[PDB]
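Chains as they are written, first to last, in the authors' numbering: chain A, 10 to 173, 175 to 181; chain B, 10 to 173, 175 to 181; chain C, 10 to 173, 175 to 181; chain D, 10 to 173, 175 to 181; chain E, 10 to 173, 175 to 181; chain F, 10 to 173, 175 to 181.
Below: the structure, in structure tokens.
Number of protein chains: 6
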Amino acid sequence: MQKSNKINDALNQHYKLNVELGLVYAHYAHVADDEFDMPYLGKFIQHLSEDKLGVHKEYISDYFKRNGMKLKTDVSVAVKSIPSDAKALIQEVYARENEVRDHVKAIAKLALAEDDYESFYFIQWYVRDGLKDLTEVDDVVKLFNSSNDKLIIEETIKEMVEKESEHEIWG
Amino acid sequence: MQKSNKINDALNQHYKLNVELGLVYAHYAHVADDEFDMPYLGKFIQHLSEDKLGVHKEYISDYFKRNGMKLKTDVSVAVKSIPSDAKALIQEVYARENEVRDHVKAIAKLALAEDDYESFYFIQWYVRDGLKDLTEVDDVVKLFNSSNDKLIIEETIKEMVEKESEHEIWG
Amino acid sequence: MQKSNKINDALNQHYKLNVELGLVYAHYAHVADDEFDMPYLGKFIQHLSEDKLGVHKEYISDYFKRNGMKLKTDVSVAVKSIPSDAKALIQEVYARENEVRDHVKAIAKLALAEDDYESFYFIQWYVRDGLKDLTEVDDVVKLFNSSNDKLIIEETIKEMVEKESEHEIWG
Amino acid sequence: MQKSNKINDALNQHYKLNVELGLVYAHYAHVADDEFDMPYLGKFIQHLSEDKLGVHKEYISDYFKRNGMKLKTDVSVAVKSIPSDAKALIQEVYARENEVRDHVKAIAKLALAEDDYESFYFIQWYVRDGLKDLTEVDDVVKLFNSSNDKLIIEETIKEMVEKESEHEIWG
Amino acid sequence: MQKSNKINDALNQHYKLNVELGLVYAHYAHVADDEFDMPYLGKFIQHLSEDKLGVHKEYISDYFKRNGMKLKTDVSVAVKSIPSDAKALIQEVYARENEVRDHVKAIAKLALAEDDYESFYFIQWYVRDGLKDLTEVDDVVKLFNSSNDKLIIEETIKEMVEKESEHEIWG
Amino acid sequence: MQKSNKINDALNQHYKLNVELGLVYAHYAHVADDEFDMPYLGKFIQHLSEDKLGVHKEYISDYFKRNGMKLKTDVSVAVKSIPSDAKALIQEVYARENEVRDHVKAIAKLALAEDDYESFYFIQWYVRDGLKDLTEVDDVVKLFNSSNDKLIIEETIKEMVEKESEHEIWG
Ligand SMILES: [Cl-]
Ligand SMILES: [Cl-]
Ligand SMILES: [Cl-]
Ligand SMILES: [Cl-]
Ligand SMILES: [Cl-]
Ligand SMILES: [Cl-]
Ligand SMILES: [Cl-]
Ligand SMILES: [Cl-]
Ligand SMILES: [Cl-]
Ligand SMILES: [Cl-]
Ligand SMILES: [Cl-]
Ligand SMILES: [Cl-]
Ligand SMILES: [Cl-]
Ligand SMILES: [Cl-]
Ligand SMILES: [Cl-]
Ligand SMILES: [Cl-]
Ligand SMILES: [Cl-]
Ligand SMILES: [Cl-]
Ligand SMILES: [Cl-]
Ligand SMILES: [Cl-]
Ligand SMILES: [Cl-]
Ligand SMILES: [Cl-]
Ligand SMILES: [Cl-]
Ligand SMILES: [Cl-]
Ligand SMILES: [Fe+3]
Ligand SMILES: [Fe+3]
Ligand SMILES: [Fe+3]
Ligand SMILES: [Fe+3]
Ligand SMILES: [Fe+3]
Ligand SMILES: [Fe+3]
Ligand SMILES: [Fe+3]
Ligand SMILES: [Fe+3]
Ligand SMILES: [Fe+3]
Ligand SMILES: [Fe+3]
Ligand SMILES: [Fe+3]
Ligand SMILES: [Fe+3]
Ligand SMILES: [Fe+3]
Ligand SMILES: [Fe+3]
Ligand SMILES: [Fe+3]
Ligand SMILES: [Fe+3]
Ligand SMILES: [Fe+3]
Ligand SMILES: [Fe+3]
Ligand SMILES: [Fe+3]
Ligand SMILES: [Fe+3]
Ligand SMILES: [Fe+3]
Ligand SMILES: [Fe+3]
Ligand SMILES: [Fe+3]
Ligand SMILES: [Fe+3]
Ligand SMILES: [Fe+3]
Ligand SMILES: [Fe+3]
Ligand SMILES: [Fe+3]
Ligand SMILES: [Fe+3]
Ligand SMILES: [Fe+3]
Ligand SMILES: [Fe+3]
Ligand SMILES: [Fe+3]
Ligand SMILES: [Fe+3]
Ligand SMILES: [Fe+3]
Ligand SMILES: [Fe+3]
Ligand SMILES: [Fe+3]
Ligand SMILES: [Fe+3]
Ligand SMILES: [Fe+3]
Ligand SMILES: [Fe+3]
Ligand SMILES: [Fe+3]
Ligand SMILES: [Fe+3]
Ligand SMILES: [Fe+3]
Ligand SMILES: [Fe+3]
Ligand SMILES: [Fe+3]
Ligand SMILES: [Fe+3]
Ligand SMILES: [Fe+3]
Ligand SMILES: [Fe+3]
Ligand SMILES: [Fe+3]
Ligand SMILES: [Fe+3]
Ligand SMILES: [Mg+2]
Ligand SMILES: [Mg+2]
Ligand SMILES: [Mg+2]
Ligand SMILES: [Mg+2]
Ligand SMILES: [Mg+2]
Ligand SMILES: [Mg+2]
Numbered sequence: 010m011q012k013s014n015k016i017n018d019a020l021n022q023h024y025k026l027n028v029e030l031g032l033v034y035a036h037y038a039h040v041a042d043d044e045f046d047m048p049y050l051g052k053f054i055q056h057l058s059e060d061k062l063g064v065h066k067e068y069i070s071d072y073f074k075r076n077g078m079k080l081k082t083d084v085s086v087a088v089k090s091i092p093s094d095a096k097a098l099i100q101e102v103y104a105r106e107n108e109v110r111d112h113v114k115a116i117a118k119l120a121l122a123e124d125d126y127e128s129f130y131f132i133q134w135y136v137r138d139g140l141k142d143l144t145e146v147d148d149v150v151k152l153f154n155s156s157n158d159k160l161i162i163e164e165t166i167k168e169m170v171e172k173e175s176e177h178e179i180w181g
Numbered sequence: 010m011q012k013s014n015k016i017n018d019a020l021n022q023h024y025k026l027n028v029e030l031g032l033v034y035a036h037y038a039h040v041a042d043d044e045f046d047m048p049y050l051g052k053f054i055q056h057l058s059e060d061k062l063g064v065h066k067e068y069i070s071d072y073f074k075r076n077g078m079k080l081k082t083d084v085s086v087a088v089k090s091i092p093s094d095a096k097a098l099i100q101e102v103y104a105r106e107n108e109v110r111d112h113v114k115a116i117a118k119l120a121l122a123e124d125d126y127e128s129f130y131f132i133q134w135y136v137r138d139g140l141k142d143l144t145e146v147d148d149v150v151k152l153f154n155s156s157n158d159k160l161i162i163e164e165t166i167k168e169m170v171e172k173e175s176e177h178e179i180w181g
Numbered sequence: 010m011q012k013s014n015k016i017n018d019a020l021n022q023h024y025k026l027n028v029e030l031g032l033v034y035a036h037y038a039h040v041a042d043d044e045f046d047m048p049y050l051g052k053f054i055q056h057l058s059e060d061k062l063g064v065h066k067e068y069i070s071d072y073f074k075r076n077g078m079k080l081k082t083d084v085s086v087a088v089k090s091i092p093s094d095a096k097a098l099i100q101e102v103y104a105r106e107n108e109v110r111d112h113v114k115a116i117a118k119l120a121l122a123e124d125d126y127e128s129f130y131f132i133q134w135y136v137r138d139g140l141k142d143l144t145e146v147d148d149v150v151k152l153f154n155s156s157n158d159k160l161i162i163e164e165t166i167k168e169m170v171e172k173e175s176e177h178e179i180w181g
Numbered sequence: 010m011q012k013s014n015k016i017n018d019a020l021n022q023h024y025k026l027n028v029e030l031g032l033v034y035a036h037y038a039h040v041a042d043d044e045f046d047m048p049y050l051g052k053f054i055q056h057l058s059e060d061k062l063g064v065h066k067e068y069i070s071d072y073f074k075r076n077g078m079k080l081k082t083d084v085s086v087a088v089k090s091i092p093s094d095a096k097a098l099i100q101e102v103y104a105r106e107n108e109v110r111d112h113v114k115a116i117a118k119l120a121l122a123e124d125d126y127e128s129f130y131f132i133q134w135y136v137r138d139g140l141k142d143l144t145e146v147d148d149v150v151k152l153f154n155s156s157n158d159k160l161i162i163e164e165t166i167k168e169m170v171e172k173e175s176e177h178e179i180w181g
Numbered sequence: 010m011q012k013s014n015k016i017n018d019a020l021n022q023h024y025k026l027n028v029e030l031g032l033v034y035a036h037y038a039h040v041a042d043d044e045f046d047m048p049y050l051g052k053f054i055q056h057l058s059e060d061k062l063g064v065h066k067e068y069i070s071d072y073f074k075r076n077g078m079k080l081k082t083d084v085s086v087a088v089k090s091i092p093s094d095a096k097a098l099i100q101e102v103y104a105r106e107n108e109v110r111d112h113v114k115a116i117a118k119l120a121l122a123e124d125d126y127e128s129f130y131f132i133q134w135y136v137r138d139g140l141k142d143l144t145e146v147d148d149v150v151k152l153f154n155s156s157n158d159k160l161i162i163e164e165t166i167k168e169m170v171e172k173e175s176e177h178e179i180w181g
Numbered sequence: 010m011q012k013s014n015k016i017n018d019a020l021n022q023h024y025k026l027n028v029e030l031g032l033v034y035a036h037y038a039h040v041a042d043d044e045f046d047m048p049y050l051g052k053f054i055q056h057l058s059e060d061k062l063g064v065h066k067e068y069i070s071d072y073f074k075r076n077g078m079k080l081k082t083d084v085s086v087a088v089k090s091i092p093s094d095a096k097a098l099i100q101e102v103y104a105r106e107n108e109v110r111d112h113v114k115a116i117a118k119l120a121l122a123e124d125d126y127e128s129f130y131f132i133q134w135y136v137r138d139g140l141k142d143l144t145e146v147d148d149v150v151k152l153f154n155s156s157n158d159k160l161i162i163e164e165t166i167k168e169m170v171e172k173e175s176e177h178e179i180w181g
């Protein structure tokens with residue numbers, strides 16, 4: 010039952026991605042509120058930031074504890090430009106979440122190629138969450154095409170953030 | 010992350026199958042009660058009808074919303090003969106549920122061949138449910154071989170329909 | 010007390026109409042959400058779909074059980090074009106509900122012509138519901154002429170769908 | 010939908026392994042308490058014994074009921090030597106749980122090779138549980154390297170056994 | 010107060026008998042449900058299986074802890090034929106429980122011959138339980154001579170299994 | 010009321026320090042559990058990690074929103090060596106917290122030199138917390154000099170982490 014080095018490498022990279030994404034989202038949350046005057050968009054993006062810096066990274070470190078894989082912490086990220094408006098801000102968040110689905114798909118494929126069924130089981134959470142997170146971000150992108158009034162958009166985001175739930179399949 | 014057309018095709022076909030099955034089961038439920046004098050068999054088959062026309066089809070339409078796949082509605086079904094008695098009615102329901110397991114297996118195999126891990130995750134619900142639904146139908150088929158008294162069979166179905175649960179694995 | 014064949018025919022046709030309408034509405038609900046970015050319009054139309062595929066058809070099958078009429082299941086429906094925008098989507102729903110009132114009126118007239126007072130009683134539910142359903146759809150059509158902001162319309166539909175009631179006359 | 014004989018064989022073997030493991034663990038639990046004066050270690054190992062002789066074997070027999078596979082009961086186990094001390098006792102439990110992960114991995118691989126997606130679904134429980142059980146045993150092995158005082162180790166095991175929970179992923 | 014070797018031998022043999030009986034009953038429970046279509050008979054026999062593999066064996070191991078007797082685990086059992094129908098299945102369970110009473114009687118006689126009054130006290134539980142268990146099995150055997158309808162028998166077993175009790179004498 | 014650039018610079022640097030510290034502590038928490046077999050030390054260090062990545066950084070971003078200061082995200086941290094044992098791990102945490110007090114003192118001094126009384130008020134939280142956090146870490150360092158038994162130390166940390175409070179002055 011020796012751990013896969015390739016999976017170890019791919020999951021360390023995914024740990025890194027979730028840390029750096031979380032740090033960028035925290036900046037984007039500040040910017041949505043501070044410069045675009047959209048505090049509820051900020052809260053939406055802040056929750057996603059805390060999601061990436063929270064369970065997304067912690068489940069990997071916990072997995073590594075269980076199977077002998079080695080954790081690496083190697084983090085480099087700088088927010089050097091900002092999208093020009095709130096719509097492009099959330100569209101960028103959408104693009105990054107779409108890349109998450111792509112990275113996660115590669116890990117699922119690699120786990121089967123390695124006959125690492127514990128890792129294929131483990132990554133199912135991330136397969137499900139890749140689509141759930143994208144859907145939630147997509148629900149906010151839509152609003153900027155449905156109204157030209159920032160305060161109307163903000164009121165619709167407020168409900169989304171303040172909604173209490176889980177889809178049977180997508181969580 | 011472009012959606013698979015083959016999976017899109019297979020899931021549209023499975024949507025269609027669940028609609029048409031649900032419509033046939035609704036007819037069979039009427040017939041069990043009206044012509045075979047087995048109202049609890051009717052209720053059992055009606056619940057299955059509502060299961061197929063409900064979450065079985067709605068989960069597919071919801072999935073399509075999330076990933077860009079296209080929904081098609083193309084439905085053609087006619088109930089042109091009826092099984093001759095209640096035993097053969099439920100045996101036909103059993104045969105159709107067995108085909109469901111077969112169709113679902115093909116989709117699972119196709120998702121792996123396409124490296125579509127979101128679709129392989131999605132279909133696990135249907136893999137589990139294929140066997141759960143078959144088991145529930147099988148539990149009713151058994152009764153017709155265990156007693157020659159319709160009212161005794163009906164009393165045993167009543168309990169089954171009125172039972173409040176979920177197996178850890180099969181749901 | 011022999012059952013009317015003409016009423017049997019007209020009610021089988023109305024069963025068919027409610028099945029096929031329900032299937033079209035389920036498609037329209039998907040489209041409202043997925044392509045027009047109006048999830049609450051989708052939920053409104055989904056509820057109507059489940060109404061047609063639910064009590065509207067089940068009351069007919071139950072009636073047939075009581076009086077010897079024969080149920081037929083013969084269903085053919087394909088959604089081959091979509092209205093171009095959300096306003097035209099609900100306007101189409103409105104047009105189909107208006108045809109429902111017309112079909113139901115014919116059955117009421119036929120029941121009196123046949124001196125089938127049980128069927129005239131039975132159809133009163135559908136006479137009342139024809140106008141109630143049209144009124145509910147009409148309440149949504151109005152919104153697209155009252156605002157050019159999709160998110161404002163969506164917020165008004167949300168309240169309608171989330172409202173807890176029954177008019178003394180129209181139910 | 011004919012059942013796989015190879016999977017049937019592999020799951021009968023896994024049934025056997027869980028029975029025989031459970032019987033050995035019951036002996037080890039007696040020994041931990043009776044000869045090593047570690048009643049809480051005994052209770053920890055007894056719970057694992059009841060886990061193997063309980064759901065681990067019963068889920069297989071239940072699965073076989075659902076799909077036509079044949080159950081075999083063929084059990085041969087004799088506890089002919091005992092590890093020399095409590096540390097080596099739990100280390101042996103650890104080694105056997107590590108072999109469980111290996112046997113379970115083979116079944117997962119075989120289910121995919123057989124395109125037996127119901128069996129691949131079924132075995133996911135055992136894939137998850139292979140790592141959870143190993144982790145729990147590993148948590149006890151650690152204690153013998155962290156203290157040379159048996160009563161201190163016993164107090165830490167007591168808390169573990171008396172703890173009321176489930177990881178989102180590993181259960 | 011040196012422990013009796015003969016009693017030690019007889020109680021190790023009785024431990025073995027309860028393990029092997031429990032394993033056979035678990036197979037019989039599967040068969041009652043799976044092949045004879047009698048799930049409540051299966052549950053009845055499963056409870057007996059868990060009774061033998063539970064307190065019946067655990068009380069012996071606990072006794073051995075208290076008095077210096079040595080536990081042996083030496084288990085060999087294979088289910089190589091099945092009774093032909095449900096009636097003969099429970100009749101076989103009855104025959105094995107009757108042998109339990111006989112084995113237990115020998116231990117009681119041996120304890121008095123050895124002036125081992127702690128062991129005579131200990132075995133009183135098994136003397137009482139030998140007759141209680143036989144009575145419970147006998148109550149099920151009776152049903153197959155009282156009705157030729159499997160579903161009627163199943164309904165009577167359901168009540169027995171779902172009954173909440176203890177006789178002042180026989181427990 | 011123009012914002013101080015020097016304070017803006019010093020608080021951006023302190024934001025960076027709290028991010029990078031939080032990431033290092035998350036690694037140290039993994040290591041305490043995984044390699045040093047001290048899960049409660051791990052939880053202690055994980056809580057500190059979440060403290061630094063949480064309110065410590067978020068209060069700064071919130072302050073910047075209120076006064077026109079500019080947030081910068083520029084993060085570079087790599088965990089390239091690990092302390093050799095648990096005692097040196099917490100001693101390193103202690104050294105880093107001591108540097109926090111030093112950095113915070115510089116900001117307080119700078120705010121007075123700039124007559125930036127809003128920033129002097131703001132930083133009082135960090136002045137208080139610098140000493141509270143150090144005290145909490147110091148309470149754990151002490152344990153490694155008070156016992157040579159890892160499990161005894163772990164039990165004392167457990168209480169600390171599971172304690173429900176606030177000093178009137180130090181919080
Ligand atoms: Cl840079
Ligand atoms: Cl903007
Ligand atoms: Cl994109
Ligand atoms: Cl690969
Ligand atoms: Cl036809
Ligand atoms: Cl019949
Ligand atoms: Cl079949
Ligand atoms: Cl394929
Ligand atoms: Cl067509
Ligand atoms: Cl539109
Ligand atoms: Cl019209
Ligand atoms: Cl007319
Ligand atoms: Cl041997
Ligand atoms: Cl020892
Ligand atoms: Cl090992
Ligand atoms: Cl294989
Ligand atoms: Cl043999
Ligand atoms: Cl039988
Ligand atoms: Cl006998
Ligand atoms: Cl004797
Ligand atoms: Cl470096
Ligand atoms: Cl250490
Ligand atoms: Cl220092
Ligand atoms: Cl200064
Ligand atoms: Fe604000
Ligand atoms: Fe969330
Ligand atoms: Fe723009
Ligand atoms: Fe997430
Ligand atoms: Fe509002
Ligand atoms: Fe409002
Ligand atoms: Fe509101
Ligand atoms: Fe509100
Ligand atoms: Fe009825
Ligand atoms: Fe159900
Ligand atoms: Fe027949
Ligand atoms: Fe189902
Ligand atoms: Fe009854
Ligand atoms: Fe009864
Ligand atoms: Fe009853
Ligand atoms: Fe009842
Ligand atoms: Fe939605
Ligand atoms: Fe309504
Ligand atoms: Fe238009
Ligand atoms: Fe209606
Ligand atoms: Fe409003
Ligand atoms: Fe509102
Ligand atoms: Fe409101
Ligand atoms: Fe409201
Ligand atoms: Fe004890
Ligand atoms: Fe457990
Ligand atoms: Fe040793
Ligand atoms: Fe387990
Ligand atoms: Fe202590
Ligand atoms: Fe204690
Ligand atoms: Fe305690
Ligand atoms: Fe306690
Ligand atoms: Fe069953
Ligand atoms: Fe009992
Ligand atoms: Fe016989
Ligand atoms: Fe007993
Ligand atoms: Fe009865
Ligand atoms: Fe009854
Ligand atoms: Fe009853
Ligand atoms: Fe009852
Ligand atoms: Fe742990
Ligand atoms: Fe704290
Ligand atoms: Fe040292
Ligand atoms: Fe702090
Ligand atoms: Fe304590
Ligand atoms: Fe203590
Ligand atoms: Fe305590
Ligand atoms: Fe305590
Ligand atoms: Mg392969
Ligand atoms: Mg491949
Ligand atoms: Mg007239
Ligand atoms: Mg293949
Ligand atoms: Mg004498
Ligand atoms: Mg001055």
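Quick reminder that beta carbons are idealized off the backbone N, C-alpha and C, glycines included.
*Report the three-state DSSP secondary structure of C:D83 (helix, strand or coil).*
When DSSP states are grouped into helix, strand and coil, C:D83 belongs to the strand group.
_Best match in B:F153, B:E29 and B:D111 for proximity to B:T82 [C-alpha to C-alpha]_ = Cα-wise, what sits closest to B:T82 is B:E29.
*Using a Cβ-Cβ distance under 8 Å, would C:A87 count as near chain B?*
Under the Cβ distance rule, C:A87 counts among the residues neighbouring chain B, one pair being separated by less than 8 Å.
*At a CB-CB cut-off below 9 Å, which residues of chain D make contact with E:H36?*
Under the 9 Å cutoff, chain D gives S70, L80, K81 and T82.
*Assign B:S156 to one of two classes, buried (16 or more other C-beta atoms within 10 Å of its C-beta) or exposed (fewer than that).*
Note on B:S156: 16 or more other CB atoms within 10 angstroms of its CB, so buried under the neighbour-count rule.
_For E:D43 and E:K159, what's the separation of their Cα atoms in angstroms?_
Going by the C-alpha atoms only, they are around 14 Å apart.
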